[PDB]
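Chemist: Below is the structure, and that's it, no one-letter string:
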């Protein structure tokens, strides 16, 4: 049981865009904290993917995007490839639980 | 019927000083707005003679003078000549009538 | 009868330190005005010895010292010599008597 | 509307479309408060209501005792009119003038006519509703409402006394205690000025207070009179433009235009205000004062469109200060980014949208909302307007950083050119 | 703890051990007051209580009428959110949101989410405890307590109106009238920020007020809403050090380091605040704002330990101004004594304890309490800390007073050296 | 009387005849307010009077809770005495000192003796006139006068708390809330100083407040004590003169004397105040502070009568800034008019009486009342005094505009001469 | 070289509409105010209309309020006066006069450059 | 070249005590915040401890409050976490992660340089 | 080189009037205060009169108030004391002493340059 919710798994074909949702309550994503989207390839330490809910760190391909609206945020991957299969975690804050982190979205390539 | 009162006509001889009065009410010369003295030779557009109630524009002979006191203003011409015969108008403001202008003083040389 | 009290006379031997006291009331040394110590050799005008209750003017030997505490001031002479026999006056202010001056301490060498 | 242009040739922005309101004159009005003279309360008792009345009257006495203890010059007119008031036989004229109504126009010994308003009527309440109502035989007041009303009528004098004691005789801005809004508006609508200036200044009483001064004048003869120094706007509705400059450097030598501030048209010349605190902008007006201004010929406008003009050489600052910085002008932002510092412009929802390179650049407020330089975060103005970006070449690229006089503070363009020519002739 | 060092090589002191709190962001909250619309009192009478009520309600009407008459930019965010509020269909959302409780989080048209607090409930008192209680048939109120309570509930609006009229729409600091301490603390504890920043900003409400702005926003539709612009501290707990400099002269030419002020660590760079009024120190923190700051590479620290370093040249001012002066740094004092002036350091009880010679010298606050230069008396800070005095030779003695360029204002060490080399090559 | 002279040789005016009052020392007094500790009201009821009492006592509790949340240095002495007060066993000494009367002189641990006043007696009213009078059995107060009196005695603490929260612990000037006039005068008449300084500082409480500081010190153990930092005028009745300078240019090169400000005699030297805001003039005194002053040898007076003296070279600024400007000195005005700008001096009734030519000129206040430069309007001071006009030949004409170093900011006369000589020797 | 040349006057029947134009040259037109003033044949002067530089401070006297509309086009330095519903008055010379400040504050300043005037006649 | 290398993990019986160390190099440690975050095997992430640069703003979640004590020593750029009274949870990877600001104000900034992780196992 | 030379003393019958002058040289007189102090033969000192630089802060003790009038003329650097209605006291040496500040604030400063003194004798 996590403060934020996330789909257990999403799927797609190469060259297809996939959207991953991050939904939270009022003492959550609401009030406009942020989302941070983290990537984890198994056997490797987690890596920052999207910060400040829309921007992108240097060294990350431009095909990724992130956005937020009202109480829900989205991470969109355009042109799916075999290297993008991983665990994706959405992050925000909580006035009564502090750093929350997501439940983990397992994205795989068909 | 004008807000300000002016003598209908004044007369004099060459080399004689003539005084023209400009009298008004409280919402008039009073409260210290200003008085401006304008000259009009017939067949010619009106010309500024005295501004800020005492000073003199460039190109006007120094024989003219102007002053104000309490609720009455005066314009004095020293050394009258044939060229000064004209219509003289005294001007001020009014809180309920705006720019007033005078009734016109006809000055002629005997 | 002076505002401040001073010993009528103090005595000592050459090479011996002597302490002279200056005691006063609340509207006196108290409230921290200051004390000033003046020297007078008979037949000569008075000379400043200690000012600002601890410091020393130029041209005065370093063997002299002054201090104050609570409501009492002290002047200490170290290494007494024949030239220091004189009248010593302690000075301060008074809210109801202004400049007070002392009663005069007669210091002599045995 | 407000229109902004950005010249990249000198890295300078101009914001035009503003209108003018210049504080050109001072008008002095005499605000009088009719106090009352009372020695002491004859009656005495253990009643609590009379104790409250005694405390309030004692505070009133202390307040009236307090007032007996009290480039260019901004308070010269007020000081002059106070000197006139101190002359014998003048206070009585004012006191006998506004006796039937609390509005009069009076002529003093110096011949200057001033407006007098009786803003408070404390004497009538003290001498006609407190002493006769208070029955000295019983020394008791039936209704506490009288005391509550006294506390509601004596506050104004206490606040005036407090402000004058804090500010040591001269105060600014004129607060609501010292001049109520209805009174200020009536005085504005009766001041000796044109109806044009009375319509711009009635709607902007929020700034007339900030640009007015008030001075204690007299307490003699049971009349507390103080002079309120209102501004007289002699220049209205002339075009004005703001000029902003940013450092411009090679990718080093830096040349910054050194005439930032406001410009206004004034009788065929240009009134130049270098100080930013001097001018205030309500919607599209500049409420500046000429006391902190310079007069320039009407060719400084040519500086904005041609840095190398021959009619009015501009002013520059030459230095090797290679530091990144930004200027948040109206309708946009100028960013000069140098060295290794990272400079970006970020939208509210689209995040970083630009990756500013080395040099001087400009971003309008259409879309761009925040500007990050290093880590400093600036917010751009969101005023609606039209922006124009004229391309060109930086002036510093024309010079050569070998004989560059990187020591001056502000000489001119022509002086820098002649120094360069002298240095070239030396070799 | 706070530790001070004094380099005699350049006559400069560094005070380290401070912590940081940088104002990096702005947050906009909408404080709303629910007013009431009333036309006039239907009843009329000679009762004094109804007269007090009429006067108070007339003052309320005048107050509500008054509010209808109303580098970088410090109020850009508040102006943007006010422009958002002016958009149609937005005030109703705020009014209907905080209808059940006086705390809401609302999303506006621009998409920015803001906090809304209803700090006052004047409408309920006016329309549900004054009109129905006041019996218009008799036009009398039985208890004066109702009037006294009205005077105790209407003061807030009067003070807000007075402050807004005095300051012309924008005010700082946010006074207790415009935002009570309990309300400010609740807004702090509900603002969208980390718990780390909510524990440094709850204990320092004394400085949040000074660094906050408040601007009048809207009066339309019986809701007086104004925007309070609180700061968001994005940089917390990074080391900071203050750098003080004093003139250094031979026994002439004077060389003064010209980078006085605060330095703080910030994301691998150094944020430099030259203005002393920019930063405030409560106990060991610096509550600065980045709007008045520069960004420098993290080699300016090497200027303090090696004036002739090759990685980041320092900044100096060279002039022949031979005037004695002192700088009262924390934990001690720097005294530069030149000419015939007498400079001393005096204890409270032991009087003069030093006889400062010509040149630059430094005295810790351990023992030394007052410093006299000429006749000017300075008091040194009594903050407890450790002082260190590193000996050396003055840099100015290394130069020669024959080709010295005693005209610059602030170029660099490297520029001065290259000018000296050019002058030497000329001969 | 005040006498003004105008030297046309350097285009500079000197205004002499003033007297001195220099802020040389700081004195620290401890103002104590005796608060009371109350937990809550035991009784509860629907009575409105008890509701008013509860609201007032809750505001008192909030106020007492608020106070628990709280070059040279101007507040060093107050910080030192507050550090002394924080020492254990010191607050009790003060509290037991002024128990029988509200005036004491106490000696603290550091040995410094300070004056203590008990300015408020809120504890006695709260614990001896509210709790016993309030009958908890009925929870009702018979007379509303008690509540009205409480509102008239609890205002002072609320205002002190508000000022301390707004100003963040340190405030200036001290207002009437924080120190009433009667108490300020009593503290002045009991401060440890000479009767000479107590007669100059009693009549000028309007300026003692402006130059005083107040610092929050302690709230612990039901005693709200704060330190008021009054000034001690160590220099009184010494002659002072003000020096005004205006640009002086050929008809170009401009040389302006760059030592504007106040000069005062001080123990055989000259204390120089460049800042105009530093000094204040009541009638003919200068209430300056030495913290913002320089010490100069007593030969700077020779600069005013001989610009080319060999004992103390003056300071000048050389630049090609050819802009007309005026300086409104006391008893007259200086105008520097160049280019095509029109400069005039106008009487109140006789209008324009002068036609100022190119160069520097001076007009006394006898007759001349307004000065117009370009369009900027300045009002001259109307202080009565004697003016003298010494004729001469402008210094700038002696130089030659061919080797003129029009780049310096402020070096000296001698430095400019030696640079000219070096330039001549180069050719 | 301040030139104020105005035209557009001609015979109009009573109750008709008319427009008068005024062109200004030789000075910065955008900063000086403008006025229209009448002079009936053989009668005294009488102020008619005012306007400021920014075109947003209109002013008329009480007698002629709501009938005369004044509008200045700043682009080509032009002034226009539109008269509707003429009466037996309003006949005579019309002057387009520049209200010129810089005579200190002094409220009413000093209108200097009177034009030669346009003759407007109303009759049947 | 931001290197976060951490160690100290090993098998510990339930109810035991443990210490984990983390060394940071290649950046100014004294200005960046530190955090310790868990990842149970096959489960989601879960924040565990926070600390700021000045070592005087400690932070823990509600579940682990009072048990885990964090402490950063700035002298040799070290971070330590002391674990007392272990339970069936807390097993998995521990990451010593630098909380890095400069992403504007933006509250939660962007923890970039995650360490490789230390495997801490509790069992009998 | 601070020289304070005082003169004007001589024998005067009881109830007579007298004037004493003091000339100061070698220092800026206009900024330093002046005092007159007594010393009866064989008795202690006793302050008598004070004056400041601007001649507008006069000061006397309670006993001698209203009798001794002090006036400093700044033009030729002179000090004068006028004695009226002499009594059996006031006989002895009179010193014209410069009150000199610059010993910090310190209220009472340090009167340094005592003159040689003038002998005034009252008797029949």
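Modeler: In hand now; what should we look at? Numbers count the residues shown, from 1 in each chain, chains lettered A, B, ... in the order given.
Chemist: Pop the domain breakdown of chain D in here.
Modeler: Here the domain assignment for chain D is D:3-21+D:239-426, D:26-235, based on automatic domain parsing.
Chemist: Can you give me the first-to-last residue distance of stretch G:110-117?
Modeler: With CA to CA, to the nearest Å as the measure, stretch G:110-117 spans 18 Å from end to end.
Chemist: Quick check: phi and psi on residue D:232?
Modeler: phi -120, psi 120 (degrees, to the nearest 10).
Chemist: what's the burial count for it?
Modeler: Close neighbours of residue D:232, defined as other CB atoms under 10 Å in any protein chain shown, add up to 20. Just so you know, the C-beta spots here come from the backbone N, C-alpha and C atoms, and that holds for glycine as well.
Chemist: Any idea what it is bridged to?
Modeler: For residue D:232, the beta-bridge partners are residue D:25 (DSSP bridges).
Chemist: Distance check, it against residue B:34.
Modeler: Separation of residue D:232 from residue B:34 (CB to CB, to the nearest Å): 13 Å.
Chemist: Could you dump the domains of chain D into JSON lines and include distance to residue F:263?
Modeler: Listed next are the domains of chain D as JSON lines, based on distance: least, CB to CB, whole Å:
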{"stretch": "domain D:3-21+D:239-426", "distance to residue F:263": "25"}
{"stretch": "domain D:26-235", "distance to residue F:263": "17"}
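Chemist: Residue F:98: which of those domains is closest?
Modeler: Ranking those by proximity to residue F:98 (CB to CB) places domain D:26-235 first, at 23.1 Å.
Chemist: How far does the closest one sit from its chain's centre?
Modeler: Remark: domain D:26-235 is offset 24 Å from the chain centroid, using CA atoms, centre = their mean, to the nearest Å.
Chemist: measure it end to end?
Modeler: End-to-end for domain D:26-235, by CA to CA: 13 Å.
Chemist: and for residue D:232 and residue B:34, which residues touch both?
Modeler: Shared contacts of residue D:232 and residue B:34 (CB atoms under 8 Å, 6 or more residues apart in numbering or on different chains): residue G:107.
Chemist: Tell me which residue of chain G lies closest to chain A.
Modeler: Residue nearest to chain A within chain G: residue G:56 (40.9 Å; CB to the nearest CB).
Chemist: just checking, that residue touches residue D:237?
Modeler: Yes: at 7.1 Å, residue G:56 counts as touching residue D:237 under the criterion of CB atoms under 8 Å.
Chemist: can you pull the contacts of residue 19?
Modeler: Assuming you mean chain A. Counting by CB under 8 Å, 6+ apart, residue A:19 touches A:10, A:74, A:75, A:76, A:77.
Chemist: Oops, wrong one, chain G.
Modeler: By CB under 8 Å, 6+ apart, the residues touching residue G:19 are G:8, G:80, G:81, G:82, G:83.
Chemist: distance of the first one from residue G:96?
Modeler: So the one you mean is residue G:8. Going from residue G:8 to residue G:96 by CB to CB gives 10 Å.
Chemist: do the fourth one as well
Modeler: Distance from residue G:82 to residue G:96, counting by CB to CB: 14 Å.
Chemist: Hmm, residue D:160 is touching residue D:177, no?
Modeler: Yes: the criterion here is CB under 8 Å, and residue D:160 meets it with residue D:177 at 5.9 Å.
Chemist: higher neighbour count, those two?
Modeler: Using other CB under 10 Å as the criterion, residue D:160 and residue D:177 rank with residue D:160 on top: 26 against 17.
Chemist: helix/strand/coil for that one?
Modeler: Three-state call for residue D:160 (DSSP: H, G, I helix; E, B strand; the rest coil): helix.
Chemist: what's it in contact with, if anything?
Modeler: D:33, D:177, D:178, D:224, D:226 are the contacts of residue D:160 under CB under 8 Å, 6+ apart.
Chemist: Spatially, which two of these are the most separated?
Modeler: D:177 and D:224 (13.3 Å).
Chemist: Spatially nearest residue to residue D:191, not counting backbone neighbours?
Modeler: Spatial nearest neighbour of residue D:191, excluding adjacent residues (CB to CB, 6 or more residues apart in numbering or on different chains): residue D:27 at 6.0 Å.
Chemist: Oh, that last question was meant for residue A:101, not what I typed.
Modeler: Counting by CB to CB, 6+ apart, the nearest residue to residue A:101 once its immediate chain neighbours are dropped is residue H:45, at 4.3 Å.
Chemist: my read: that neighbour touches residue H:35, true?
Modeler: No: using CB under 8 Å, residue H:45 is not in contact with residue H:35; the gap is 11.3 Å.
Chemist: From the neighbour counts alone, determine which of these two ranks first.
Modeler: Neighbour count, other CB under 10 Å: between residue H:45 and residue H:35, residue H:45 has more, with 25 against 20.
Chemist: partners of the helix or strand hosting residue G:4, with directions?
Modeler: Using DSSP states H and E, the element containing residue G:4 is strand G:3-7. If you go by DSSP bridges, strand G:3-7 pairs up with strand G:18-25 (antiparallel).
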